Amino acid sequence: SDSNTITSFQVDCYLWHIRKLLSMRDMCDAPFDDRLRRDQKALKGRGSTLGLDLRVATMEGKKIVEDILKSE
Amino acid sequence: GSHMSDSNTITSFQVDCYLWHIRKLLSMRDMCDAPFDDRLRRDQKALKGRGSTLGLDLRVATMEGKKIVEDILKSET
RNA sequence: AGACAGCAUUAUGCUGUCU
RNA sequence: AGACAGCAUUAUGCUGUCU
């Protein structure tokens with residue numbers, strides 16, 4: 001395993017989760033939803049390549065993002 | 001005369017600006033991999049083009065995006 | 001050699017926004 | 001009709017992780 005690869009996957013999962021929440025509240029435009037769909041497929045493959053549950057990785061990404069924002 | 005776009009087009013741009021800022025922080029702390037930086041560089045380009053088309057300053061949209069992201073994260077239940 | 005993701009360029013099809 | 005961003009598919013060149 002590569003730390004930065006893992007970290008970047010978990011962070012990408014968390015930001016997808018934020019984007020998904022925006023889309024579910026019907027607050028995004030169609031190209032935003034198009035990127036949502038592309039990235040969802042992409043994260044399934046990245047997670048499977050890494051042997052990581054996407055839900056757990058999303059939770060870890062949240063922790064990471066909170067830390068890097070706290071350090072601002 | 002001139003019109004600002006629909007609400008959702010502006011919201012998506014502001015959210016993307018703010019999420020670009022979060023991603024950039026990860027890169028500046030050397031916590032990302034190389035493809036992640038590749039996407040960072042692509043999207044910084046695209047966001048400048050979008051902001052120009054929209055008549056919006058991405059530095060302002062970033063701060064708006066910050067508020068939108070926090071209001072939906074707090075409201076998440 | 002394979003799996004996976006991306007970037008760049010290309011061609012084709014399309015979506016959105018603005019004018 | 002144009003500008004911008006994107007999505008899909010194609011081709012070419014790369015980058016990264018894993019086996």
Side-chain angles (χ1 to χ4, degrees), chain A residues 2-62 64-65 67-69, chain B residues 1-40 42-44 46-69 72-73:
Chain A
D2 174 53
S3 265
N4 283 7
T5 300
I6 306 310
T7 304
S8 316
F9 171 70
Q10 302 165 323
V11 164
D12 277 339
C13 289
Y14 182 55
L15 302 189
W16 186 96
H17 176 88
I18 293 172
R19 294 151 58 201
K20 182 60 185 186
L21 293 179
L22 188 81
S23 170
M24 297 264 253
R25 299 192 60 187
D26 184 36
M27 288 177 62
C28 71
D29 58 16
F32 189 102
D33 270 322
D34 291 339
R35 301 190 281 286
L36 214 29
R37 278 203 326 280
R38 171 196 177 171
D39 285 351
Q40 180 181 57
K41 299 171 218 293
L43 291 165
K44 174 172 174 273
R46 288 168 71 187
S48 159
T49 299
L50 298 158
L52 295 180
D53 185 336
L54 175 131
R55 173 185 52 101
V56 167
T58 299
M59 288 160 30
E60 279 295 341
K62 179 178 199 81
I64 290 152
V65 172
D67 295 337
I68 67 182
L69 290 167
Chain B
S2 323
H3 299 95
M4 317 306 305
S5 301
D6 57 301
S7 204
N8 282 359
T9 287
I10 298 193
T11 293
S12 313
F13 175 70
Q14 298 162 327
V15 167
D16 283 341
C17 288
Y18 182 67
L19 299 190
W20 190 93
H21 167 71
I22 284 164
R23 289 154 61 197
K24 183 59 172 170
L25 290 181
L26 196 75
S27 175
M28 282 159 55
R29 269 144 87 78
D30 291 302
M31 294 176 65
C32 72
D33 59 13
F36 190 95
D37 263 317
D38 291 336
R39 296 189 282 283
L40 217 34
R42 165 197 184 176
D43 287 341
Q44 185 181 33
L47 287 169
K48 286 164 171 176
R50 278 164 83 181
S52 186
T53 299
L54 297 158
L56 301 179
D57 183 333
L58 66 95
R59 305 167 296 171
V60 167
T62 303
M63 304 164 68
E64 297 278 41
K66 173 157 183 278
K67 294 156 114 135
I68 294 150
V69 164
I72 77 165
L73 281 189

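Reckoned from all heavy atoms, side chains included, excluding hydrogens, waters and symmetry mates. A note on names: the letters A, B, ... follow the listed sequences, proteins ahead of strands, and every chain is numbered from 1.
Here CG of B:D30 is found 12.5 Å from OG of A:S3. Values are rounded to the nearest 0.5 Å. Of the inter-residue distances, the one linking A:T58 atom OG1 with A:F9 atom CZ reads 7.0 Å to the nearest 0.5 angstrom.
Along RNA chain C, the nucleotide nearest B:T9 and the nucleotide nearest A:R46 are compared for position; the residue whose nucleotide lies closer to the 5' end is A:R46. The nearest heavy atom of RNA chain C to A:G47 and to B:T53 marks one nucleotide each, and the one closer to the 5' end goes with A:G47.
With rounding to whole Å, B:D16 atom CG is found 13 Å from C:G16 atom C1'. One can place CG of A:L54 at 14 Å from P of C:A5, the figure rounded to the nearest angstrom. Straight-line distance from the CZ atom of A:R19 to the P atom of D:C7: 10 Å, rounded to whole Å. Distance A:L50 CG to D:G16 P: 16 Å, rounded to the nearest Å.
Within the nucleic acid shown, B:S2 comes within 4.0 Å of sugar-phosphate atoms alone, with no base atom in reach, counting heavy atoms only. The residue B:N8 sits apart from the nucleic acid: no heavy atom pair falls under 4.0 Å.
Spacing between D:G2 and C:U10 at atom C1', rounded to whole Å, works out to 23 Å.
The side chain to side chain donor-acceptor pair (under 3.5 Å) test applied to A:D33 returns A:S23, not counting sequence neighbours. Under the rule for a side chain to side chain donor-acceptor pair (under 3.5 Å), A:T7 has no partner lying at least two apart in sequence or in another chain. Among residues two or more places apart in sequence or in another chain, the salt bridge (charged side-chain N to carboxylate O under 4.0 Å, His left out) test is passed with A:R38 by none. By the salt bridge (charged side-chain N to carboxylate O under 4.0 Å, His left out) test, B:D33 is found to be paired with no residue, residues two or more places apart in sequence or in another chain being considered.
Looking at RNA chain C, the stems built from 3 or more consecutive Watson-Crick or G-U wobble pairs, each pair with its key distances under 3.5 Å, are C:1-9 with D:11-19, C:11-19 with D:1-9.
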*asked:* Evaluate B:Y18 against B:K66 for side-chain hydrogen bond (donor to acceptor under 3.5 Å, both in side chains), listing each step before the verdict.
replied: CA-CA 6 Å; B:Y18 182 67; B:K66 173 157 183 278; 5.8 Å; no
*Given side-chain contact (heavy atoms from CB on, under 4.5 Å), test B:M31 with A:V11 step by step and report yes or no.*
CA-CA 10 Å; B:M31 294 176 65; A:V11 164; over 6 Å; no
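Within a 6.0 Å sphere centred on CE of B:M4, heavy atoms belonging to other residues, nucleotides or ligands number more than 12.
Listed in residue order, the members of residues 28-43 of chain A having a heavy atom less than 4.0 Å from RNA chain D are A:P31, A:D34, A:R35, A:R38.
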